[PDB]
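Asker: Below you will find the structure I want to go over with you.
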DNA sequence: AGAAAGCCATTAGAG
DNA sequence: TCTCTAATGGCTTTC
Ligand code: NI
Ligand code: NI
Ligand code: NI
Ligand code: NI
């Protein structure tokens, strides 16, 4: 099973990542609810995004 | 302590 | 057949 994230979900997450590369638990809960994703998906998106951030300085 | 969260390598599924 | 990235597993680190 693999969900494709919409333009809107990816853009909202990228905009969040612009300010904070790590999330507080309280903020993770808000983003999950606003985007209709689980907290675990939000957690994994930021982990993947940080790993991609490392490979690009 | 031990649960939550992170980091890495890796997979695999959508398009 | 490609690329991209969602998603996993096994550790390590944080708190
Ligand atoms: Ni700015
Ligand atoms: Ni321990
Ligand atoms: Ni923790
Ligand atoms: Ni494949």
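Read-outs throughout are calculated quantities, based only on the coordinates presented, and are distinct from any laboratory measurement. Neighbour counts run over all protein chains shown; Cβ positions are idealised from the backbone, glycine included.
Asker: Rounded to the nearest 500, what is chain A's calculated 222 nm mean residue ellipticity when only DSSP H runs of at least 4 contribute -39500 (n - 2.57) each, over all residues? Each step should come with its number before you reach the end.
Answerer: Details: 3 runs with 40 residues, N = 57.
That comes out to -22500 deg cm²/dmol.
Asker: With no solvent and one equal point scatterer per Cα, compute the Debye intensity ratio I(q)/I(0) for chain A at 0.12, 0.29 Å⁻¹ and report its log10, rounded to two decimals.
Answerer: Here the Debye-derived log intensity ratios amount to -0.25, -1.41.
Asker: May I pose another question? With each label point set 7 Å from Cα along the Cα-Cβ vector, what nm distance links residue A:22 and residue A:34?
Answerer: My value for the distance between the label points is 2.1 nm.
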